[PDB]
Amino acid sequence: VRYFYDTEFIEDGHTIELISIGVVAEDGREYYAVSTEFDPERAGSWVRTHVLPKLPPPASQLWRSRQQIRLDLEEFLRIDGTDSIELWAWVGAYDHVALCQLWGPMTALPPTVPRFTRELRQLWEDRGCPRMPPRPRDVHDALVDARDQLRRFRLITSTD
Amino acid sequence: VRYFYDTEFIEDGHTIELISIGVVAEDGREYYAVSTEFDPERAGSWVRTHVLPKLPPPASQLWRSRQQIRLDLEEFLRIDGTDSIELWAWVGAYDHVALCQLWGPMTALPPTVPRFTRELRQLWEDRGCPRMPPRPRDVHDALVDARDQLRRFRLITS
Ligand SMILES: [Mg+2]
Ligand SMILES: [Mg+2]
Ligand SMILES: [Mg+2]
Ligand SMILES: [Mg+2]
Ligand SMILES: [Mg+2]
Ligand SMILES: [Mg+2]
């Protein structure tokens, strides 16, 4: 059903260079990968300070190619299964582009992955801006962020 | 406060080259411009068939530079005014990136422009999918598309 995700990336007004993606399903399943293919040299101060140091070591199994990340996601999202895929992110526009651009043009996205990401910030407001726990101090790690989104979704919808 | 928008574009898995944008305000004002800087030859065949033939004739003052559009939108969104700007689109992730990239990186976005666009399909599904008017015949005109969004929005919230 529902997957909560987050991406980190280098975004320059022209392209979104994927750094990492973290995806967490309602059932406990977790997926995380860092792209072997971005150029850390292009990163700004913010990404250098808050994103790059949080990444795993060089010989970690979490470093994958963009082709590998896509294949992994086709499997993790159970694209050929019978459940409807519902994607969720907090402030998700660039994240949705960065995710879908793993298959290239909007055209090439599996007919089974939705063409929009539901916006958890919009749900939060809708239900009367309820108090959320503090963001974790590990944030800017795509997996920690994705996990925290599932947490807030559970809290927000807890009397729906 | 509330703006409903849509863009047409050429997107290749790497860049989103803006063709056009229409923005309609809840108060009734409308904006529409077509970019003189996208390369029509780079268009995939779907865009060639559905989007390009609906563009105004070349001599139209509707044709504006990217910098003109950005300046038009700063004034049209009253980004220096008093009001909260709230942006709305229907499945508008790509639309949102295309709009922000008129300023540049997300770094360069004016402080009062929201960092996210609300997703009108999500609201529609949250309100239980109420019955909508049939499609405009002139769809994939961004202004048309944007006008319909406000129309749906008003329906959903009545
Ligand atoms: Mg993010
Ligand atoms: Mg998120
Ligand atoms: Mg993050
Ligand atoms: Mg559209
Ligand atoms: Mg210009
Ligand atoms: Mg449109």
# chains A, B, ... in the order shown; residues from 1 in each chain; ligands from 1
$ interface_residues --of "chain B" --to "chain A" --cutoff "12 Å" --atoms "only C-alpha atoms" --output "PyMOL selection string"
chain B and resi 9-18+44-47+86-109+114-127
$ write_last_selection --atoms "C-alpha atoms" --output "tab-separated table (two decimals), in the first residue's frame"
chain	number	residue	atom	x	y	z
B	9	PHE	CA	7.27	21.38	-20.67
B	10	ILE	CA	9.75	19.11	-22.43
B	11	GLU	CA	11.26	16.72	-20.00
B	12	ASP	CA	13.98	14.13	-20.86
B	13	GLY	CA	14.72	12.46	-17.58
B	14	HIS	CA	17.32	15.17	-16.87
B	15	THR	CA	15.97	18.63	-17.44
B	16	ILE	CA	12.46	20.14	-17.55
B	17	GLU	CA	12.44	22.77	-20.29
B	18	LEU	CA	9.46	25.06	-19.72
B	44	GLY	CA	8.92	14.41	-28.09
B	45	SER	CA	6.01	13.50	-30.36
B	46	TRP	CA	3.31	13.69	-27.68
B	47	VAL	CA	4.30	17.36	-27.04
B	86	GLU	CA	-0.45	29.13	-1.22
B	87	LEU	CA	0.28	27.25	-4.46
B	88	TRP	CA	-1.98	24.50	-5.81
B	89	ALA	CA	-1.63	22.06	-8.74
B	90	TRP	CA	-3.02	18.68	-9.82
B	91	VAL	CA	-0.20	16.06	-9.76
B	92	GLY	CA	2.21	18.92	-9.94
B	93	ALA	CA	5.66	17.64	-8.79
B	94	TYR	CA	7.22	18.37	-12.22
B	95	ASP	CA	5.09	21.63	-12.38
B	96	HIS	CA	6.54	22.74	-9.07
B	97	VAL	CA	10.15	22.10	-10.07
B	98	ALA	CA	9.48	23.91	-13.39
B	99	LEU	CA	8.06	26.87	-11.55
B	100	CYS	CA	10.86	27.10	-8.97
B	101	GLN	CA	13.52	26.83	-11.67
B	102	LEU	CA	12.34	30.18	-13.00
B	103	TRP	CA	14.26	31.55	-10.01
B	104	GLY	CA	17.04	28.92	-10.13
B	105	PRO	CA	18.14	26.52	-7.36
B	106	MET	CA	15.69	26.33	-4.45
B	107	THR	CA	18.21	28.59	-2.73
B	108	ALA	CA	17.16	31.51	-5.05
B	109	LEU	CA	13.41	31.26	-4.52
B	114	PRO	CA	5.92	28.24	-0.61
B	115	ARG	CA	8.54	25.46	-0.77
B	116	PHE	CA	5.78	23.02	-1.78
B	117	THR	CA	2.72	22.99	-3.95
B	118	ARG	CA	-0.44	21.48	-2.50
B	119	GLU	CA	-1.67	18.58	-4.49
B	120	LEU	CA	-5.26	18.99	-5.53
B	121	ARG	CA	-5.72	15.32	-6.47
B	122	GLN	CA	-4.84	14.42	-2.84
B	123	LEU	CA	-7.50	16.81	-1.54
B	124	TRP	CA	-10.04	15.44	-4.05
B	125	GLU	CA	-9.26	11.86	-2.78
B	126	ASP	CA	-9.40	13.05	0.81
B	127	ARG	CA	-12.85	14.53	0.20
$ residues_near_ligand --ligand "ligand 5" --cutoff "10 Å" --atoms "only C-alpha atoms and all ligand atoms" --output "number ranges by chain"
B: 35-37, 64-71, 102
$ write_last_selection --atoms "N, CA, C and O atoms" --output "mmCIF file, in the first residue's frame"
data_model
loop_
_atom_site.group_PDB
_atom_site.id
_atom_site.type_symbol
_atom_site.label_atom_id
_atom_site.label_comp_id
_atom_site.auth_asym_id
_atom_site.auth_seq_id
_atom_site.Cartn_x
_atom_site.Cartn_y
_atom_site.Cartn_z
ATOM 1 N N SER B 35 7.193 30.504 -23.205
ATOM 2 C CA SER B 35 8.644 30.777 -23.205
ATOM 3 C C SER B 35 9.292 30.795 -24.601
ATOM 4 O O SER B 35 9.077 29.909 -25.413
ATOM 5 N N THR B 36 10.085 31.827 -24.875
ATOM 6 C CA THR B 36 10.751 32.001 -26.175
ATOM 7 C C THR B 36 12.081 31.257 -26.218
ATOM 8 O O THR B 36 12.828 31.397 -27.186
ATOM 9 N N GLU B 37 12.377 30.482 -25.170
ATOM 10 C CA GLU B 37 13.717 29.913 -24.947
ATOM 11 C C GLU B 37 13.754 28.396 -24.984
ATOM 12 O O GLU B 37 14.838 27.806 -25.014
ATOM 13 N N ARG B 64 7.091 35.304 -23.918
ATOM 14 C CA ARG B 64 7.939 36.103 -23.050
ATOM 15 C C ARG B 64 9.242 35.325 -22.758
ATOM 16 O O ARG B 64 9.283 34.077 -22.859
ATOM 17 N N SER B 65 10.290 36.062 -22.405
ATOM 18 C CA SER B 65 11.562 35.443 -22.024
ATOM 19 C C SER B 65 11.428 34.810 -20.620
ATOM 20 O O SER B 65 10.466 35.100 -19.914
ATOM 21 N N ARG B 66 12.375 33.967 -20.218
ATOM 22 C CA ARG B 66 12.288 33.305 -18.926
ATOM 23 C C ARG B 66 12.370 34.346 -17.834
ATOM 24 O O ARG B 66 11.742 34.208 -16.778
ATOM 25 N N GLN B 67 13.147 35.392 -18.076
ATOM 26 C CA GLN B 67 13.335 36.422 -17.066
ATOM 27 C C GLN B 67 12.070 37.291 -16.942
ATOM 28 O O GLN B 67 11.726 37.746 -15.845
ATOM 29 N N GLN B 68 11.388 37.507 -18.069
ATOM 30 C CA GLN B 68 10.104 38.189 -18.092
ATOM 31 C C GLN B 68 9.065 37.407 -17.283
ATOM 32 O O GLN B 68 8.416 37.951 -16.403
ATOM 33 N N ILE B 69 8.941 36.118 -17.554
ATOM 34 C CA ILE B 69 8.014 35.271 -16.802
ATOM 35 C C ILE B 69 8.317 35.367 -15.305
ATOM 36 O O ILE B 69 7.405 35.593 -14.491
ATOM 37 N N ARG B 70 9.598 35.270 -14.927
ATOM 38 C CA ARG B 70 9.912 35.296 -13.518
ATOM 39 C C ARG B 70 9.437 36.639 -12.946
ATOM 40 O O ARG B 70 8.780 36.689 -11.904
ATOM 41 N N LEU B 71 9.744 37.732 -13.647
ATOM 42 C CA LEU B 71 9.324 39.052 -13.180
ATOM 43 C C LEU B 71 7.807 39.182 -13.215
ATOM 44 O O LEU B 71 7.204 39.751 -12.311
ATOM 45 N N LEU B 102 12.379 28.821 -12.504
ATOM 46 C CA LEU B 102 12.337 30.183 -12.999
ATOM 47 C C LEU B 102 13.209 31.129 -12.125
ATOM 48 O O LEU B 102 13.739 32.127 -12.621
#
$ atom_distance --atom1 "CA of residue 26 in chain B" --atom2 "CA of residue 129 in chain B"
21.3 Å
$ residues_around --residues "residue 150 in chain B" --least-positions-apart "3" --cutoff "9 Å" --atoms "only C-alpha atoms" --output "list in words"
residues 3, 4, 5, 24, 25, 26, 88, 146, 147, 153, 154 and 155 of chain B
$ write_last_selection --atoms "C-alpha atoms" --output "PDB file, in the first residue's frame"
ATOM      1  CA  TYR B   3      -3.023  30.279  -6.760  1.00  0.00           C
ATOM      2  CA  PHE B   4      -3.811  27.341  -9.081  1.00  0.00           C
ATOM      3  CA  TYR B   5      -1.258  26.605 -11.724  1.00  0.00           C
ATOM      4  CA  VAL B  24      -5.196  31.564 -11.878  1.00  0.00           C
ATOM      5  CA  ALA B  25      -5.811  33.357  -8.622  1.00  0.00           C
ATOM      6  CA  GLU B  26      -8.781  32.479  -6.378  1.00  0.00           C
ATOM      7  CA  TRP B  88      -1.984  24.497  -5.806  1.00  0.00           C
ATOM      8  CA  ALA B 146      -5.057  25.940 -14.478  1.00  0.00           C
ATOM      9  CA  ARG B 147      -8.648  27.338 -14.746  1.00  0.00           C
ATOM     10  CA  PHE B 153     -11.079  23.169  -6.111  1.00  0.00           C
ATOM     11  CA  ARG B 154     -14.236  25.333  -5.623  1.00  0.00           C
ATOM     12  CA  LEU B 155     -16.397  22.252  -6.292  1.00  0.00           C
TER      13      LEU B 155
END
$ residues_near_ligand --ligand "ligand 6" --cutoff "8 Å" --atoms "only C-alpha atoms and all ligand atoms" --output "VMD selection string"
chain B and resid 6 to 8 139 to 146
$ write_last_selection --atoms "N, CA and C atoms" --output "tab-separated table (two decimals), in the first residue's frame"
chain	number	residue	atom	x	y	z
B	6	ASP	N	-0.47	25.42	-13.70
B	6	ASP	CA	-0.10	24.30	-14.52
B	6	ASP	C	0.97	24.79	-15.50
B	7	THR	N	1.83	23.87	-15.92
B	7	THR	CA	2.88	24.14	-16.88
B	7	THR	C	2.87	23.06	-17.95
B	8	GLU	N	3.36	23.41	-19.14
B	8	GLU	CA	3.68	22.43	-20.16
B	8	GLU	C	5.20	22.50	-20.34
B	139	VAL	N	-7.53	21.02	-23.58
B	139	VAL	CA	-6.59	20.57	-22.53
B	139	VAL	C	-5.14	20.54	-23.06
B	140	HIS	N	-4.17	20.56	-22.14
B	140	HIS	CA	-2.75	20.80	-22.47
B	140	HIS	C	-2.51	22.21	-23.08
B	141	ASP	N	-3.49	23.10	-22.89
B	141	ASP	CA	-3.20	24.52	-22.79
B	141	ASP	C	-3.09	24.77	-21.27
B	142	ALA	N	-1.97	25.34	-20.82
B	142	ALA	CA	-1.69	25.44	-19.37
B	142	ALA	C	-2.71	26.34	-18.66
B	143	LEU	N	-3.19	27.37	-19.35
B	143	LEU	CA	-4.20	28.28	-18.75
B	143	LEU	C	-5.52	27.57	-18.52
B	144	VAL	N	-5.98	26.92	-19.56
B	144	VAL	CA	-7.13	26.05	-19.48
B	144	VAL	C	-7.03	25.05	-18.33
B	145	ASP	N	-5.91	24.35	-18.32
B	145	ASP	CA	-5.62	23.34	-17.33
B	145	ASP	C	-5.73	24.04	-15.94
B	146	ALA	N	-5.11	25.22	-15.78
B	146	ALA	CA	-5.06	25.94	-14.48
B	146	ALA	C	-6.45	26.38	-14.05
$ residues_near_ligand --ligand "ligand 1" --cutoff "6 Å" --atoms "only C-alpha atoms and all ligand atoms" --output "list in words"
residues 6, 7, 8 and 95 of chain A
$ write_last_selection --atoms "C-alpha atoms" --output "compact mmCIF listing (two decimals), in the first residue's frame"
# COMPACT_ATOMS: atom_id res chain seq x y z
CA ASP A 6 12.90 10.92 1.14
CA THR A 7 15.80 11.79 -1.18
CA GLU A 8 19.01 13.77 -0.83
CA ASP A 95 11.86 14.10 -4.22
$ closest_residue --among "B:49, B:43, B:22, B:62" --to "ligand 4" --atoms "only C-alpha atoms and all ligand atoms"
B:22
$ residues_near_ligand --ligand "ligand 3" --cutoff "10 Å" --atoms "only C-alpha atoms and all ligand atoms" --output "number ranges by chain"
A: 5-9, 20-22, 50-51, 89-90, 95, 138-146
$ write_last_selection --atoms "N, CA and C atoms" --output "CSV table (one decimal), in the first residue's frame"
chain,number,residue,atom,x,y,z
A,5,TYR,N,9.0,8.1,1.7
A,5,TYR,CA,10.3,8.2,1.2
A,5,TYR,C,10.9,9.6,1.3
A,6,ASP,N,12.2,9.7,1.1
A,6,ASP,CA,12.9,10.9,1.1
A,6,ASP,C,14.1,10.8,0.2
A,7,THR,N,14.5,11.8,-0.4
A,7,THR,CA,15.8,11.8,-1.2
A,7,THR,C,16.7,12.9,-0.7
A,8,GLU,N,18.0,12.7,-0.9
A,8,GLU,CA,19.0,13.8,-0.8
A,8,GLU,C,19.6,13.9,-2.2
A,9,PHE,N,20.1,15.0,-2.6
A,9,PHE,CA,20.4,15.3,-4.0
A,9,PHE,C,21.2,16.6,-4.0
A,20,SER,N,21.1,10.0,-2.5
A,20,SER,CA,20.6,8.8,-1.8
A,20,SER,C,19.1,8.8,-1.7
A,21,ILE,N,18.5,7.6,-1.5
A,21,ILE,CA,17.1,7.5,-1.3
A,21,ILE,C,16.7,6.5,-0.2
A,22,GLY,N,15.8,6.9,0.7
A,22,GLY,CA,15.3,6.0,1.8
A,22,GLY,C,13.9,5.8,1.6
A,50,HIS,N,25.8,19.0,5.8
A,50,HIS,CA,24.7,18.2,6.5
A,50,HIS,C,24.4,16.9,5.8
A,51,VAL,N,24.8,16.7,4.6
A,51,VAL,CA,24.4,15.4,3.9
A,51,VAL,C,25.6,14.5,3.7
A,89,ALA,N,5.7,11.5,0.9
A,89,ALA,CA,6.8,12.3,1.3
A,89,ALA,C,6.4,13.6,1.9
A,90,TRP,N,7.2,14.2,2.7
A,90,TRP,CA,6.9,15.5,3.3
A,90,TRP,C,7.6,16.5,2.4
A,95,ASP,N,11.7,15.5,-4.5
A,95,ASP,CA,11.9,14.1,-4.2
A,95,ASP,C,11.1,13.3,-5.3
A,138,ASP,N,19.4,13.1,13.5
A,138,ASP,CA,20.2,12.2,12.5
A,138,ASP,C,19.7,12.6,11.1
A,139,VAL,N,18.7,13.5,11.1
A,139,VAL,CA,18.1,14.0,9.9
A,139,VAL,C,19.1,14.5,8.8
A,140,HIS,N,18.6,14.4,7.6
A,140,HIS,CA,19.4,14.6,6.4
A,140,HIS,C,20.1,13.3,5.9
A,141,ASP,N,19.8,12.2,6.7
A,141,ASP,CA,20.0,10.9,6.2
A,141,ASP,C,18.7,10.3,5.7
A,142,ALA,N,18.6,9.9,4.4
A,142,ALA,CA,17.4,9.7,3.7
A,142,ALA,C,16.5,8.7,4.4
A,143,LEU,N,17.1,7.6,4.9
A,143,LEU,CA,16.4,6.6,5.6
A,143,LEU,C,15.7,7.0,7.0
A,144,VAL,N,16.5,7.8,7.8
A,144,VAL,CA,16.0,8.4,9.0
A,144,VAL,C,14.8,9.3,8.8
A,145,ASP,N,15.0,10.1,7.7
A,145,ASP,CA,13.9,11.0,7.3
A,145,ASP,C,12.7,10.2,6.8
A,146,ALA,N,12.9,9.2,5.9
A,146,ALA,CA,11.7,8.4,5.5
A,146,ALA,C,11.0,7.8,6.7
$ select_by_dssp --residues "range 66-143 of chain B" --states "helix (DSSP H, G or I)" --output "VMD selection string"
chain B and resid 66 to 76 93 to 100 106 to 108 120 to 126 142 to 143
$ atom_distance --atom1 "CA of residue 53 in chain A" --atom2 "CA of residue 68 in chain A"
23.0 Å
